[PDB]
């Protein structure tokens, strides 16, 4: 691809500057602040619930044949008693754990599939609640206090 070098150089500059801004409580953009808050929230959730969380992640047996329906059914477990930001963070951590597992088990085909499942689940089931509850900007405020 003719743009690879340009994309690589831009990705490197922006990654470095976003990191340095974030260390000072600033942001490259509002999206960069949401991303960073979600990275940290996912790390915090995973550190506090690791072993208990494997009771949820272990509910989905991933193969090259796994479709959206099976992912949706397991994720619906997080939202049976309703939606909140904590449950939303765990949903991202769930997707993250499946993605890592897919790569570990040489099923790299599932990375794209999992990313697509997450966007569909968010747009079909969580986006109406997110918008009614102040959007991602509110998540950043609440998480950061």
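In this text, the rigid core denotes the largest set of C-alpha atoms whose superposition between the two forms falls within 1.5 Å. Residue numbers count along the first chain shown, from 1.
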Core-aligned CA RMS in 6 other deposited structures of this protein: between 87 to 95 and 63 to 71 the higher one is 63 to 71
Per-stretch CA RMS vs shown form in 6 other deposited structures of this protein, rigid core as reference, larger of 118 to 126/14 to 22 is 118 to 126
Per the PDB entry, mean CA B-factor is higher for 61 to 69 or 85 to 93, namely for 61 to 69
From the entry's CA B-factor values, the highest among 118, 41, 47, 34 is 47
Quick tally, chain-level thirds of C-alpha B-factors: residue 112 sits in the lowest
Residue 126: C-alpha B-factor third of its chain, per the entry, is the middle
Here the Cα B-factor of residue 15, set against its chain, lands in the third termed lowest
